[PDB]
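Architecture and fold: a report
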Amino acid sequence: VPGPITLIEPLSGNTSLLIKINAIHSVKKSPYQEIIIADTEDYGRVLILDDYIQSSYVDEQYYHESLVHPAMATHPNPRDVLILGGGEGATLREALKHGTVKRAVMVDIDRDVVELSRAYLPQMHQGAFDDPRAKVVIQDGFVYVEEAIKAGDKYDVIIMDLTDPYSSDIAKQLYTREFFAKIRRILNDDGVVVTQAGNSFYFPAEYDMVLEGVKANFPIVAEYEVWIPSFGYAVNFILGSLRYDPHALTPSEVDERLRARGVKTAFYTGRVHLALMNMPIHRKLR
Amino acid sequence: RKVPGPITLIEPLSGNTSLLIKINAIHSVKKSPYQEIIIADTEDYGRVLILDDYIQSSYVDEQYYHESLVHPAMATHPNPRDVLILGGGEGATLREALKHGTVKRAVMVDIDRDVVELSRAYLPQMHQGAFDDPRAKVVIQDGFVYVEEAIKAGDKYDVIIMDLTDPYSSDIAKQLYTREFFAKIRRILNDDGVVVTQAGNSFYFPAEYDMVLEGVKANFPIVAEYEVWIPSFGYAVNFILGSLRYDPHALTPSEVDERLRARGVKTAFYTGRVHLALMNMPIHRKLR
Amino acid sequence: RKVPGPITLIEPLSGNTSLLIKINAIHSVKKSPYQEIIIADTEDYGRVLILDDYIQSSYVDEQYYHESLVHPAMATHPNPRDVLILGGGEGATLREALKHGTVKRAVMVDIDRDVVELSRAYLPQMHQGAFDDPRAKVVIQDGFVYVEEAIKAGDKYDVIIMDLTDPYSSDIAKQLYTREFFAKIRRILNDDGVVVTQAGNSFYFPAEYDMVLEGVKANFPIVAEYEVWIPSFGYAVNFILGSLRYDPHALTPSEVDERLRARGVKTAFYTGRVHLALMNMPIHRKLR
Amino acid sequence: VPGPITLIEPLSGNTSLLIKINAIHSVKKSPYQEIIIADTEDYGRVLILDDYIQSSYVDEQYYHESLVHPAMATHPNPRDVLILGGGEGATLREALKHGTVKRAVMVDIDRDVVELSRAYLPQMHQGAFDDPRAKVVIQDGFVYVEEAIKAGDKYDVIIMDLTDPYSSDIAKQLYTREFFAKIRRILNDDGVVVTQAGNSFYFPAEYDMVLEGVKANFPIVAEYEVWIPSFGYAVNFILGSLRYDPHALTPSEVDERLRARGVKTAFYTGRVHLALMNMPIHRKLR
Ligand SMILES: CSC[C@H]1O[C@@H](n2cnc3c(N)ncnc32)[C@H](O)[C@@H]1O
Ligand SMILES: CSC[C@H]1O[C@@H](n2cnc3c(N)ncnc32)[C@H](O)[C@@H]1O
Ligand SMILES: CSC[C@H]1O[C@@H](n2cnc3c(N)ncnc32)[C@H](O)[C@@H]1O
Ligand SMILES: CSC[C@H]1O[C@@H](n2cnc3c(N)ncnc32)[C@H](O)[C@@H]1O
Ligand SMILES: N=C(N)NCCCCNCCCN
Ligand SMILES: N=C(N)NCCCCNCCCN
Ligand SMILES: N=C(N)NCCCCNCCCN
Ligand SMILES: N=C(N)NCCCCNCCCN
């Protein structure tokens, strides 16, 4: 049974996880959120923001590979990548594996998250922050995108790796119908966006809001989920595309693109892509 | 609420992780000779059956579990006529299996009459009448003894479904998860039979999962592994399907849909596309 | 068990400390217009009344609370004939006060009819029939309004006992803990009357305790403070006794015992020596 | 509500405390027990052994003053003091305050507890370990007492500050009828012993065992309790005496002896002594 020291991770308000803690590496009240870096018995080292595990050593690859590779593999030639959020650097790490990428920008609002990850979560970033193709910008992603529209900047793939749409005050403006209209303005004609969208089982209304926002703005929309043990649920992802349909990829085409681009993964393959494209998302059935 | 409450179920998960689940009502607590049984209403999952602290089934998500346990195996078999279920005390596994119009006879064997009776009384949306279907027979007995008696009598089944308490926590079910038990199961199958069992969770209990897998593989030439997230359990349940002839990997979505239609099977979840996803999604393991 | 369960009450204590208490059964849940009410069986404390997540009373330790609230005040008064109780919805305060043979009239005023009725039905060992004693009258009303009406009518009492929800957590009771309310209480006491109230807990809620104390002291020339550990609450409840004439500190153990004997009062806990200890034990405060 | 990081402190098996934690300073698996030093929001810094708070900054004085001063004040002239347990050094600190004390020996089985206290709990020991009157011995108190009998050592006051009689395997032999017969052999003819005895409300059987042990061996026995918020209950103490009755000591004589001996306290006074001597201990009443 978990203890003596335990993290109470909120899930739905009516369910939480109790997770044994072995050590606390750092506690920082930043201007934006409470940050803890801790060792858990089940999941190894974790980043926690306002009580929610954002990433764990033992299962973060399931999350980051699922967030990044379906979108990147769908795009025939992703050269410019924008990541909103992704403060521990693992999203950036996965995107940089695509040999086609020439420029990857990561924008997180919270310098303290980036710095504590640099120091305490080396297996997350694995040096991604210092890749010559990468640029790390500390700024509200909302301001960054408004500035990108003014400058006429364009991206092939935009990946949103933010705090949850059902809980997070700092991320709330980035999940609106209006924000997705802005995202479309900073994509190339054939660009793709992907975002995590919370959980459709526990937070259907907030999930549906994100979905309706993507659908209003993108003609091709794919929905898929993956169980992340440390979060207590299957994270929902929503992929919006302007031209290329992730459903049209065979396993063999996915594997071919990963091979050609030199991408090694612990999880994502062509067969995983096929399963993600065929598995309906969970909803409360009664 | 950060801490669900004021009344809460602490559901064990790994020993290092548990779920805290708000409870609205407790309908029955019964210490049976075999296990502690609670029937309760939860805010998130509706009514649940709990055995020794583990939710076995919830109103809002049980169809994910029971449809995943039953339909891949039944759809793989071109003509399942005789079905044996070990466990499945709330009656939902029986309910799913009986939907296959090809089934002529279904036997369900549970060790614990108190579970069956509390289900009869408190869980109508689980059994949905399945206990009293003229095709069905409910036998109260240790599934180990039942199978030994079946071998002696020369009984044979097309599909055997094991819906037991977990291999990592359950003393009463532990003998049914052995290499030797699966050799007995094979003795009560037809030459083209299929078995399916839940096998706990490969992420949190890899050693116990691996033991069950090794046991199935020792005894069956075709073995498919798949998992489905069951919110009320806190994890993706692992299933292992063992087959003597027919490969579930060979079925297209449209063949699955065709067989379900022909057999009159209606589901809330399982379809041909779900089948394809189950067959292609690798199971979760701790990666570091 | 390190984590009590499987079904558990999370009882708030300070906001930074809570109690986890194993539950065996839930007898009743009622969302009343005033508060959420649960009657439940706990393993450690037997049956409990819970209001908004806080145990108000338990079978195994309620006598510590009710005897401590009632007897020091009643024993201090040489001849309590008329008693008013504000709160005390389970009826145990009324039960203790009625034990004094001198009492001719006892009024109990609770704002929440659902608490009184559920206690009547599910907590018989609390009221023990007190609600139907010919000396008693049960009035359903906000104690604030009742006292305003008592002042208008010129009603007078010997002993007023306040058995309310906590001053640190309870919106419904908050107006009854003010300096102005205690001035009203004094207006419905005889010239030699006494009031007693529980005042939360000075260790975890010192500011709210201090506010109640300063309110009593503004209005009464004699003020005694005492506390008693109530296991089911997780802390030592603080009581504040305000008196117009008679000093509880002046009472010898022998005089307490003699008054209890003469009045036919039998107790499980309170005696003259307990009174001496209550009068000499300082209340707990955080020391660093 | 407590969290996100929480200590689950066991109480009865059917009740536990959930306590918010702010920091973890040290975790050490010693040969004898698991040790944690942590900061709690409600109780400040704590020493935890096998999941039970042994001492907290904000309330430890209630425990240590209650354990030590009734016994020491009852003895008209305590010169030699033996403490079994008391690894954080607070019991030693309280006993040394008595100006009459010439020699105070503290025997704890677990060097790691003493060393972590030295490092992390300065407000507990307050220098007591290095007082010239004090001697710290690392040893099982059972063996130490057997050796004291062989050497013919004698003490005025023996204070037992061990882990609980209802939970602790390492301390179990020190709570027996036979152990108290040994304790009597290393007391002067007017000596006194005092021990904590768990809790009579939640653990009546184990309390009754300790009481029967003391009563078998000492003609005067006083029982008293004090609520220690951080433990979740009123600790029971049992004081055994060969000559002097703590019941006979008046508030004014207690105050006089404390003054004469230069003892300053945050809690214990003559009136507290009177209350402790008159308050019956808690039991389940139904
Ligand atoms: C750890 S992955 C989630 C990240 O999203 C970042 N985040 C939250 N809201 C915003 C925002 N409005 N703009 C950019 N990053 C954000 C958080 O600082 C966190 O590091
Ligand atoms: C509720 S689904 C799990 C069911 O498996 C049942 N079960 C556990 N062990 C055995 C066994 N050895 N034989 C038959 N049923 C069992 C339990 O009684 C439960 O009803
Ligand atoms: C169970 S003892 C506490 C009781 O105080 C009662 N109470 C709380 N606030 C008030 C109030 N303003 N007037 C009268 N009774 C009250 C509550 O209904 C509860 O039954
Ligand atoms: C912190 S106070 C309790 C102390 O009692 C000590 N203790 C427990 N059992 C024994 C024993 N058998 N002999 C000496 N000390 C002990 C523990 O190491 C702890 O430091
Ligand atoms: N426990 C939860 N509810 N977690 C939600 C975390 C997902 C937000 N991205 C963070 C992952 C960073 N790569
Ligand atoms: N909470 C859990 N770990 N549950 C284990 C799942 C129960 C397996 N058979 C019962 C399913 C009902 N037919
Ligand atoms: N924190 C707590 N658990 N407090 C409950 C205190 C009881 C106040 N009403 C009186 C109790 C019923 N007579
Ligand atoms: N259940 C509990 N929390 N009990 C801890 C009691 C501490 C016993 N001796 C150590 C006291 C510190 N000197």
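Residues numbered from 1 in each chain as written, not as in the entry; some residues may be left out. Chains lettered and ligands numbered in written order. Heavy atoms only, no water.

As deposited, the entry is annotated with X-ray crystallography as its determination method and 2.25 Å as its resolution.

**Overview of the overall build of chain B**
When its secondary structure is counted, chain B shows nine helices and 12 strands. Here the C-alpha atoms of chain B give a radius of gyration of 18 Å, agreeing with the 19 Å that 2.2 N^0.38 yields for 288 residues. Overall, the C-alpha framework of chain B stretches about 55 × 45 × 35 Å when taken along its three principal axes. Residues counted as buried form 66% of the 288 residues belonging to chain B. Counting contacts in chain B only where the partners sit at least 6 residues apart, residues at least 24 apart contribute 67% of the total. Carbon and sulfur atoms form 47% of the exposed surface of chain B, whose accessible area is close to 9700 Å². (Helix = DSSP H or I, 4+ residues; strand = E, 2+ residues; numbered from the N terminus. Rg over C-alpha atoms; globule rule 2.2 N^0.38 Å. Buried < 20%, exposed > 50% of the residue type's maximum accessible area, 1.4 Å probe, protein only. Contact = heavy atoms within 4.5 Å. Areas by Shrake-Rupley, 256 points an atom, 1.4 Å probe, with all protein chains shown as cover.)

**Details of the domain arrangement of chain A**
Frequently, the measure chosen for interface size is the accessible area removed from exposure when the parts meet. Residue and element names in this part refer to chain A. By the assigned domains, chain A splits into domain 1 (1-54) and domain 2 (55-243). Placing a centre on the C-alpha atoms of domain 1 and another on those of domain 2 gives a separation of 22 Å. Taken together, the contacts link 25 residues of domain 1 with 25 residues of domain 2. Summing both sides of the interface, domain 1 and domain 2 together bury roughly 2200 Å²; the carbon and sulfur share of this comes to 65%. Along the contact surface separating domain 1 from domain 2 lie eight residue pairs in polar contact. For the side of domain 1 that touches domain 2, the element with the most residues is strand β2 (residues 15-29), which contributes six residues. Of the residues assigned to the side of domain 1 that touches domain 2, the class counts are 13 nonpolar, eight polar and four charged. (Domains from an automatic or database assignment. Buried area = accessible area lost by both parts, 1.4 Å probe. Polar contact = N/O pair within 3.5 Å; in protein donor to acceptor, adjacent residues only side chain to side chain. Nonpolar A, V, L, I, M, F, W, Y, C, P; charged D, E, K, R; others polar.)

**Some details on the packing of aromatic side chains**
For the structure shown, the criterion picks out 48 aromatic pairs over all chains. Between A:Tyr224 and A:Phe237, the aromatic rings sit 5.1 Å apart at their centres with planes inclined by 25°, giving stacked as the arrangement. Highlighted residues: A:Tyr224 in strand β11 (residues 220-228) and A:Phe237 in strand β12 (residues 233-241), separated in sequence by 13 residues. Across this residue pair, the class does not change: A:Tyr224 and A:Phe237 are buried. Sitting above the plane of the A:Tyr57 ring, B:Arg288 keeps its charged end 5.7 Å from the centroid. (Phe/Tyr/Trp six-rings, centres within 6.5 Å; stacked < 30°, edge-to-face > 60°. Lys NZ or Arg CZ within 6 Å of the ring centre and 35° of its normal.)

**Describing the sheet that holds strand β10 (residues 187-196) of chain A**
All names here are of chain A. Taken in spatial order, the seven strands make up an open sheet running β8-β7-β6-β9-β10-β12-β11, and their pairing is mixed. Bordering the open sheet on either side are β8 (134-138) and β11, each of which pairs with just one other strand. In this sheet, adjacent strand axes meet at a mean angle of 15° when their direction is disregarded. Bridge count between strand β6 (residues 80-85) and strand β7 (residues 103-108): five bridges; the pairing is parallel. Residue pairing for β7: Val 81 is matched across the bridge by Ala 104. Each of β6, β9 (155-161), β10, β11 and β12 is contacted by helix α1 (residues 60-74), which is oriented at about 155° to β9, the strand it contacts most. (Pairing = 2+ DSSP bridges. Axes fitted to C-alpha atoms, helices over the stretch in contact; angles between N-to-C directions.)

**Focus on the interface of chain B and chain C**
Listed by partner, the interface residues are 15 residues for chain B and 14 residues for chain C. In total, chain B and chain C occlude about 1300 Å² of area from one another, counting both sides; carbon and sulfur atoms represent 69% of this. It is B:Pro6, B:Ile7 and B:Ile10 that lose the most area in chain B upon contact with chain C, and together they represent 42% of the buried surface on that side. Our count for the contact surface shared by chain B and chain C stands at two salt bridges. A salt bridge links C:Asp53 to B:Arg1, with the nearest nitrogen and oxygen atoms 3.1 Å apart. (Salt bridge = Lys/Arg side-chain N within 4 Å of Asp/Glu carboxyl O.)

**A short note on the UniProt feature "binding site: S-methyl-5'-thioadenosine" in chain B**
Residues and elements named next belong to chain B. Following the UniProt record, one finds the feature "binding site: S-methyl-5'-thioadenosine" at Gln 35, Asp 110, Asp 142 and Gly 143. Here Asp 110 shows up in strand β7 (residues 105-110). Not counting chain neighbours up to four residues away, the residues in contact with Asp 110 comprise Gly 87, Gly 88, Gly 89, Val 116, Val 139, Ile 140 and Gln 141. Here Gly 89 takes part through its backbone nitrogen, which lies 3.1 Å from a polar atom of the side chain of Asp 110. Its place among the elements puts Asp 142 in the loop between β8 (136-140) and α5 (143-153). Beyond its immediate sequence surroundings of up to four residues, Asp 142 is in contact with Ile 111 and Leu 176. A distance of 2.9 Å separates the side chain of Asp 142 from the backbone nitrogen of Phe 144, its partner in a polar contact. (UniProt positions renumbered as here; feature names shortened; annotations may be inferred.)

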